[PDB]
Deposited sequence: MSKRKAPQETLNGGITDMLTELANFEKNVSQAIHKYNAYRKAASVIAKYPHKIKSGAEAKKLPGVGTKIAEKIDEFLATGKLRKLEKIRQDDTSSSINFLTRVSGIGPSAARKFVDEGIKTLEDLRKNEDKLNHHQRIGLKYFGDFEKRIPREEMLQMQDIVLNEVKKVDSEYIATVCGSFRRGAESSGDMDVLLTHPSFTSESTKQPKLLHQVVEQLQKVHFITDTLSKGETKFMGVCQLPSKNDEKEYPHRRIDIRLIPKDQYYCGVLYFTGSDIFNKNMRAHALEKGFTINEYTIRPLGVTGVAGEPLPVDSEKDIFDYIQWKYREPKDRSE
């Protein structure tokens, strides 16, 4: 938080662009500026100082001058005052309500949590869950509870099949002290990039975790991806419900998978751009040599995380050093 005041500003602007203006590239432009400024090891004294940073341009430098001078931004004060903008922004905080649903709701006079629960009939399954757990989903998960959650997932998965490998990635793996949710990567020897797709590989793990009442609600579920809600067991105080994502990936692509889902978000954006800046298209499933004409070769062999870094000549970075 050397520059927390400025990064907060940029993030609020990013949010407005995505949620209200539905201008996704501006949204990303703002998050990119916020990321480069949060990594900047000095306290910013002016817009021109920030303008030296890649991702920070003319308009943001000026916004930075104003904030530094006035401690606020006029544009954001107006937005906050605007009823439509404010309400649309707010509704998107519900999991399942995006920019489109939010705007539609607001145009119909539906603009509060209260309005939402008064209109359950206009909500789909995922949005009802989102509404149901509104507060819970905005809470962080303390590492101590993440460790507890880890134990249960790994142990129930073993129970289904001793050769499954489940790895909790995301902020947890980076060693964060709180996480926004739990992301689990799942593998099994019988599922590889060749394979045949024998179904229920993921279903078996979801069913079991449901069986021990750890998973409490499903938002989406297919043969490779589960998105749902879970809760640690408790006269004592009930734990908050939490978001859990489970992804089943071909075993021979484990490391590209783990690398990607260990993140961060911006870090993986940073990784792919620089990747092509050395003749590779690193993605979530493979690393391939690229081509001037546009041909990416077959997936290079990968047997470790580090293996991936070597290819792309980045200084190795531990899970912890990947937040952006």
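(request) Map the modelled residues onto the deposited sequence and report the uncovered stretches in sequence order. (result) In the chain as deposited, 1-9, 244-245 carry no coordinates.
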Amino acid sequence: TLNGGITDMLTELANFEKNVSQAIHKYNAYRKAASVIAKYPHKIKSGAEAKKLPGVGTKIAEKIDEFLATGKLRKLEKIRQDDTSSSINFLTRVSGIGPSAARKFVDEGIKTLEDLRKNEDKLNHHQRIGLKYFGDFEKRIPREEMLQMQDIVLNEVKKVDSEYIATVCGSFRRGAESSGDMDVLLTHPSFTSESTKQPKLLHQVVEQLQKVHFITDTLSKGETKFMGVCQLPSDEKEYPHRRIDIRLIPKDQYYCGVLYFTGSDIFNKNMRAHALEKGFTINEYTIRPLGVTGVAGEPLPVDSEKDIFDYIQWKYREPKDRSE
From here on, numbers count along this sequence of modelled residues.
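C-alpha atoms forming the largest set that superposes within 1.5 Å between two forms make up the rigid core.
(request) State which stretch is farther from the displayed form on average in 7 other deposited structures of this protein, 69-77 or 186-194, counting RMS CA distance after fitting on the rigid core. (result) When 69-77 and 186-194 are compared in 7 other deposited structures of this protein, 69-77 lies farther out.
(request) Consider 262-270 and 27-35 separately and indicate which one has Cα atoms farther, on average, from the shown form in 7 other deposited structures of this protein after rigid core alignment. (result) Once the cores are fitted, 262-270 deviates more in 7 other deposited structures of this protein.
(request) Tell me which of 17-25 and 299-307 has the higher mean C-alpha B-factor in the deposited entry. (result) 299-307 has the higher mean C-alpha B-factor.
(message) Tell me which stretch, 224-232 or 199-207, has the higher mean Cα B-factor listed in the entry.
(response) Per the PDB record, 199-207.
(message) Can you tell me which of 64, 290, 56, 38 has the maximum CA B-factor listed in the PDB entry?
(response) Answer for 64, 290, 56, 38: 290, with the highest C-alpha B-factor.
(request) Could you say which of 161, 82, 238, 136 has its CA atom at the highest B factor, as listed in the PDB entry? (result) Result of the comparison over 161, 82, 238, 136: 238.
(request) Place residue 33 in the lowest, middle or highest third of its chain's C-alpha B-factors, as listed in the PDB entry. (result) As the PDB entry reports it, the C-alpha B-factor of residue 33 lands in the lowest third of its chain.
(request) Sort the modelled residues of this chain by their C-alpha B factor and say whether residue 5 lands in the lowest, middle or highest third. (result) Answer is lowest: the recorded C-alpha B-factor places it there.
(message) Could you place residue 45 in the lowest, middle or highest third of its chain by Cα temperature factor, using the values in the record?
(response) Residue 45: CA B-factor falls in the middle third of its chain.
(message) Please say which third, lowest, middle or highest, residue 100 falls into when its CA temperature factor is compared across its chain.
(response) Lowest third of the chain for residue 100's C-alpha B-factor.
(message) Using only modelled residues of the chain, where does the Cα B factor of residue 190 rank: lowest third, middle third or highest third?
(response) Middle third of the chain for residue 190's C-alpha B-factor.
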